[PDB]
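Here's a solo chain for you in structure tokens, the form deposited in one PDB entry.
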């Protein structure tokens, strides 16, 4: 019902048929007065679509009113740069800094109101809620919709307290653990529609009620590029020391109040515990690697990869072992790159992008389930190694599809090391059942 090609107001524009038809879809939703979720799963892109939508709104019938975009603090510079280098004609401001800087910024920019789009983080939004409420908001963009996936959370209640002429939601995997978080998202979208919580009951009902307010397509069935990743599980066994650790802790001073957690990373590595942690720091030598079967497997796999690609990028679950392995790779006879929550927010975006190099010969990059955000594709990566899996299959999906952006024109292999007769089997089965629920809800 609209143009089939890119509008003549975008700059550096290479948006394809999927993005132009999504733009037409969003504009039609705006015309008929319907909000919704841009459930673009993967590389096809959502920042381009959101920016193009806002730019179309300005460059067509004059709606210069307030507009707000919510991003994690790890993507503020990225989003501002995308806005500048895609649609420079649109005006954007950023609310970031300490108390004095934020007060100065609101006083010198927000109340004068020369802005059209404001890019803020969740934390700053919570900080200056009384400041933002004084405006008649029109369009609200929330990235990573699973942040507000539940009610009774301060951000969700605050963002409901705002009044906007239109709403818009952005996510990668709208369904995570159950239909109630999806119902929470839909409640934020349309408060007056899905007021109630409630084979024919589901699946079909979900499809027919989500088609009007959602767009779903797969990069595999759209781009036909980006050769598929191959996932292989390696069933490993735990050493006898780990077995006796596991049995003794399960049947039993060190505080033990959480059976599942305390009997978790056991299969990963025993000395991840305290009490019998490695004692005197004699030196960093061949001590930690010998104690774990999974560590043995990784140390065997590394040569087979360095006789080839040697640009793996590794994944593990616990931040301790994350930093342990990070400061271990450098010692062993390798080099690394750093990505974890310790790193100050603004420095990471330039640092990691700079570390993306034509050649590094460093052989190691480490990223956890919760060490990275949404960007920086490692097209140079070739192998994905998952030391342990998280409860939520969506987190692992995001982790392993982080390197599956377009940059990756080569097939990539994911390795999932798994032990036996331990809690990791329960983690795997829960993840599999959740993934099956997600597939039956969305794909079918």
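Residue numbers count along the first chain shown, from 1. Think of the rigid core as the biggest set of C-alphas that the two forms share within 1.5 Å after superposition.
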{"item": "Sequence continuity check, residue 252 and residue 253 (deposited residues unmodelled)", "value": "10 or more"}
{"item": "Residue 221-residue 222 interval: deposited residues absent from the model", "value": "none"}
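Not on display, but discussed next: the form deposited in another entry.
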{"item": "From 214, 189, 222, 158, residue displaced between this form and the one not shown - CA threshold 2 Å or more, rigid core", "value": "222"}
{"item": "Exceeds or equals 2 Å, Cα of residue 10 between this form and the one not shown, core fit", "value": "yes"}
{"item": "Core superposition between this form and the one not shown, C-alpha change of residue 133 at least 2 Å", "value": "no"}
{"item": "Large Cα shift (2 Å or above) at residue 169 between this form and the one not shown, core-fitted", "value": "no"}
